[PDB]
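# Residue-level structural notes
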Amino acid sequence: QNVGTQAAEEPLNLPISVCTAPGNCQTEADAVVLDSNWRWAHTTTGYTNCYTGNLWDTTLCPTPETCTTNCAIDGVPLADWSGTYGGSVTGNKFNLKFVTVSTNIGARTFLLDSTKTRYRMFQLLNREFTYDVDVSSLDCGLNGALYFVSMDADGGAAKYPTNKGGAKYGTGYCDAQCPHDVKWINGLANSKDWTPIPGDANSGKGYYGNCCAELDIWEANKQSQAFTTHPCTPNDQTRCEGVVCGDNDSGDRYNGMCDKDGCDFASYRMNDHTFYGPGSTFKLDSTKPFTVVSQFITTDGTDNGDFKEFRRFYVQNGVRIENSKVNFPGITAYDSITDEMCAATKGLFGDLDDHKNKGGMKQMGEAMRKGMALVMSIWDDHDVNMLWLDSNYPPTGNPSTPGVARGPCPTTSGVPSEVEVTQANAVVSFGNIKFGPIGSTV
């Protein structure tokens, strides 16, 4: 995309901590940038929309190349962050409102480095990543997500010279779902064969998808939470078409370059329904804030080893809370993501181990070694109504069959039109982000 001249781009300042030992950290003066999908797209030498509602203008965008020549994405000024997009920062806390009323629904954002010209790339192997979260106002059907993806640090600017904005304009998004709803891919409008998504007034799908590796630290609302590894072959940003995208709609979910299911550790799905929930007698009380700690263990305990284990623990009101465990007869009580856990649990659930097909923890680790961009988002799910996260999936499945039940939400929950009314004022908060060696962040 070209860059427009109507509004300066002003990312929100967000300090994080880089740590060397427990309680010995230094501030890193980073910032938050809005994903290019949420930006106004208009004519390069005017005010005329190139995209309105869920459609590209066919006169301006008869082809992707013409669209890209004629159109530009514009900046987010400071005033518009809260007023238009529902984003705000107080000290080291970042807040994202779900619906902001001209009416904005959801948000996806990235962490910029201290220069505000590149994404802050995290080399996560043999490191610990930690943050405080509040998901108390997110119920069934919503997801306040924090995760990493194998985006380029410059959003693709060096690879795709028609991308003028780079990381500064939140470009280059890709993930392990190979999404077609990304409006700008490889420096070009994804306007070919663009199709609105029914019941989604703001979104559509273009000819291409954009694939890359994804490490989900946090997919969650107050009812259920998960962390998940998604390797791809290769891991780096890859525009896809046809079978390579692994499109759900053509029966290709397991035929593409990315592991779409991922290998998940989701406490409720692993059959501990009392670990996490909205109340003081759950082990971890989702009505109150808490700290989420993630440790990325290698084979030799060094930065050069292969990724072998994703460990997790929590801190809430000064109380250390170890992760829940897998709880099925004849299955080891795993409390972390490893290749063995993935094989054993997917075996039990009858899920295809595409994680293993894509190179497993080792391949996931190669993405983490090269460095990944931090994503913070809030969203509802127009495909599957978040049932995969917090309900029975498939909805018609027996909840006593291992793998089906992922949370207590009813299978009628999560319809975007309903959650966008009922949960309009939901806000996820991510704060006090800390990064360092294992054992350094609490």
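Residues numbered from 1 in each chain as written, not as in the entry; some residues may be left out. Heavy atoms only, no water. Residues with missing side-chain atoms left out of burial classes, pairs and counts.

As summarised from the PDB record, the model derives from X-ray crystallography at a stated resolution of 2.0000 Å.

On to the overall build of the chain. Counting its secondary structure elements, the chain contains seven helices and 31 strands. In terms of overall dimensions, the chain is globule-like: its C-alpha atoms have a radius of gyration of 21 Å, near the 22 Å expected for 442 residues. In terms of overall dimensions, the chain has C-alpha extents of about 65 × 50 × 45 Å along its principal axes. (Helix = DSSP H or I, 4+ residues; strand = E, 2+ residues; numbered from the N terminus. Rg over C-alpha atoms; globule rule 2.2 N^0.38 Å.)

Once that is clear, we can look at the state of the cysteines. Evaluation of the coordinates by the stated rule reveals nine disulfides. Between the sulfur of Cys-19 and that of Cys-25 lies a disulfide, 2.1 Å long from S to S. Disulfide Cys-19-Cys-25: the torsion about the S-S bond is 95°, which places it as right-handed. For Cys-25, a relative accessible area of 27% corresponds to the partly exposed category. Paired through a disulfide, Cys-240 and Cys-245 show a sulfur-sulfur distance of 2.0 Å. A torsion of 105° about the S-S bond marks the disulfide between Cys-240 and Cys-245 as right-handed. For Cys-245, a relative accessible area of 1% gives the class buried. (Disulfide = S-S within 2.5 Å. Buried < 20%, exposed > 50% of the residue type's maximum accessible area, 1.4 Å probe, protein only.)

A cis amide bond, omega -5°, links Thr-233 with the succeeding residue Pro-234. Secondary-structure assignment places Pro-234 in the loop between strand 22 (225-230) and strand 23 (238-240). In this model, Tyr-393 is joined to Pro-394 through a cis peptide bond whose omega is 0°. Mapped onto the elements of the fold, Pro-394 is located in the loop between helix 6 (387-390) and helix 7 (416-422). The backbone of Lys-116 shows a phi angle near 65°, a positive value even though the residue is not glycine. Classification of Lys-116 by relative accessible area gives partly exposed; the value is 27%. Its identity as a non-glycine residue notwithstanding, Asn-271 has a phi of 80°, on the positive side.

Applying the stated criterion to the full structure yields 24 aromatic pairs. Ring centres of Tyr-207 and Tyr-208 lie 4.9 Å apart, and the angle between their planes is 85°; this geometry places the pair in the edge-to-face category. Ring centres 5.8 Å apart and planes at 80° place the aromatic pair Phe-328 and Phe-349 in the edge-to-face group. Here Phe-328 is found in the loop between strand 29 (319-322) and helix 3 (339-349), whereas its partner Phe-349 is found in helix 3, with 21 residues between them in sequence. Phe-328 sits in the buried class, given a relative accessible area of 12%. (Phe/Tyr/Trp six-rings, centres within 6.5 Å; stacked < 30°, edge-to-face > 60°.)

Of all the residues in helix 5 (residues 360-370), the buried ones are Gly-360, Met-361, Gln-363, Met-364, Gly-365, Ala-367 and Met-368. Immediately beyond the C-terminal end of helix 5, within one or two residues, lies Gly-371, with a positive phi of roughly 110°.

Let's shift gears to the nonpolar core. It is characteristic of soluble globular proteins that their nonpolar side chains tend to be buried jointly. Ranked by size, the top nonpolar core spans 66 residues in total, and within it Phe-129, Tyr-131, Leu-215 and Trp-218 carry the most contacts. Apart from the residues lying within four places of it in its own chain, the contact partners of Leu-215 are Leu-124, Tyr-147, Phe-148, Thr-228, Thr-229, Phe-296, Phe-310, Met-364, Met-368 and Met-372. (Core = buried A, V, L, I, M, F, W, Y, C linked by side-chain atoms within 4.5 Å. Contact = heavy atoms within 4.5 Å.)

Right, let's get into the sheet that holds strand 1 (residues 2-3). Note on sheets: strands pair through backbone hydrogen bonds, and any given pair is parallel or antiparallel. Judged by pairing direction, the sheet is mixed, and its three strands sit side by side in the order 1-7-4 without closing on themselves. The sheet is open, and its two edges are formed by strand 1 and strand 4 (41-43), each paired on a single side. One ladder, built from two bridges, connects strand 1 with strand 7 (residues 71-73); its direction is parallel. Each residue of the ladder has a partner; that of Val-3, found in strand 7, is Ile-73. (Pairing = 2+ DSSP bridges.)

Here the focus is the pairing of strand 12 (residues 107-112). The buried count for strand 12 comes to six of six residues, which makes it a mostly enclosed element. Burial along strand 12 is two-sided: the residues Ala-107, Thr-109 and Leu-111 and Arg-108, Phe-110 and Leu-112 are all buried. As paired elements, strand 12 and strand 30 (residues 372-379) share four bridges and run antiparallel to each other. Note on strand 30: the bridge partner recorded for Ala-107 is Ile-378.

Here we take up the pattern of salt bridges. Applying the stated criterion across every chain, the model contains 14 salt bridges. A salt bridge links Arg-253 to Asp-261; the shortest N-O distance between them is 2.8 Å. Among the residues examined, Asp-261 registers a relative accessible area of 23% and is labelled partly exposed. Put simply, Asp-351 and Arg-269 hold a salt bridge, and the shortest N to O gap is 2.7 Å. Here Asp-351, found in the loop between helix 3 and helix 4 (354-357), pairs with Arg-269, found in the loop between strand 24 (263-265) and strand 25 (276-277); they are 82 residues apart in sequence, far enough to count as distant. When its relative accessible area of 25% is taken as the criterion, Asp-351 is described as partly exposed. Its relative accessible area of 6% is what places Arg-269 among the buried residues. Residues joined in a network through salt bridges with shared partners are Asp-264, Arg-269 and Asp-351. (Salt bridge = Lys/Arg side-chain N within 4 Å of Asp/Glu carboxyl O.)

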